[PDB]
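Mapping of the first sequence onto my numbering: position 107 corresponds to residue 120, and the numbering continues sequentially without gaps. Here the structure comes first, spelled out in structure tokens, and everything after it is commentary.
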Amino acid sequence: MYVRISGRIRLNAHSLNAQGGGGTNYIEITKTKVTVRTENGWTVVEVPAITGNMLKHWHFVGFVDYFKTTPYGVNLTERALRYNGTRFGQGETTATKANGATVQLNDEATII
RNA sequence: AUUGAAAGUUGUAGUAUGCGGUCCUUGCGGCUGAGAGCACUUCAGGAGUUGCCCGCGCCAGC
């Protein structure tokens with residue numbers, strides 16, 4: 014099954030996907046350039062935006078939440094329960110399941 | 001079909017997690033919209049005008 018969704022969302026008073034850190038004063042929101050008409054040739058304007066990484070991570074969070082309750086919820090990484098998106102970072106060969114069982118990252122079949 | 005023929009610089013990644021622009025504060029105290037002032041002074045509801053003129057309580061009644 015393949016599905017595609019596209020639409021518009023109203024959204025006001027949102028500090029989503031800021032730039033600066035917590036300890037730094039004046040946390041700034043992310044900006045991105047877009048190209049529009051303005052009843053003449055093409056012009057680029059800088060507008061607030063939310064990156065696709067943020068959306069993908071929150072989809073991951075929702076999927077983990079809705080897959081935990083299923084009877085096959087044991088088949089999950091321990092990092093997933095922590096909402097940790099770092100899947101098999103640099104410098105490791107084995108991973109830990111949700112129940113504590115170890116899994117070897119040798120073949121894709123067993124991993125999936 | 002030619003320095004030629006095939007050739008992903010690629011796959012995973014939340015610049016995040018917490019945080020009262022807050023606590024105290026009389027736009028308050030005193031202050032006559034007050035004192036002097038005739039809506040007064042002179043004015044006939046007045047002069048003239050018949051409740052008039054004619055009229056049997058009447059004739060027959062032992």
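We put the CB at the ideal spot given by N, CA and C, even for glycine.
- Item | Classification of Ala114 by the beta-carbon crowding that lies within 10 angstroms, buried from 16 upward | Numbered from 1 along the first sequence, position 101 holds the residue referred to as residue 114. Result: exposed.
- Task: Can you grab the Cα-Cα spacing for the pair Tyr15 / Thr83, in whole Å?
- Result: Walking along the first sequence from the start, residue 15 turns up at place 2. Walking along the first sequence from the start, residue 83 turns up at place 70. Going by the C-alpha atoms only, they are around 22 Å apart.
- Of the residues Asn66, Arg17, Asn119 and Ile18, the one placed nearest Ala31, counting alpha carbons only: One-based indexing of the first sequence puts residue 31 at position 18. It is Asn66.
- Beta-carbon proximity of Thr48 to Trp55, cut-off 8 Å: The residue you call residue 48 lines up with position 35 of the first sequence. The residue you call residue 55 lines up with position 42 of the first sequence. Yes; because the gap between Cβ atoms is below 8 Å, this pair is in contact.
- Message: In the DSSP output, which residue or residues are listed as bridge partners for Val57?
- Response: For this step, residue 57 is matched to residue 44 along the first sequence. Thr48, per the DSSP bridge assignment.
- Message: Which residue marks the beginning of the alpha helix (DSSP H) containing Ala122, and which one marks its end?
- Response: Walking along the first sequence from the start, residue 122 turns up at place 109. Its alpha helix (DSSP H) spans residues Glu121 to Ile124.
- Query: Can you pull the DSSP bridge partners for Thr83?
  - Reply: Here residue 83 refers to the residue found at position 70 of the first sequence. Answer by DSSP bridge pairing: none, since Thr83 is not bridged.
- Let me know the secondary structure DSSP gives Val74 once reduced to three states. Indexing the first sequence from 1 puts residue 74 at position 61. In this structure, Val74 counts as helix in the three-state DSSP scheme.
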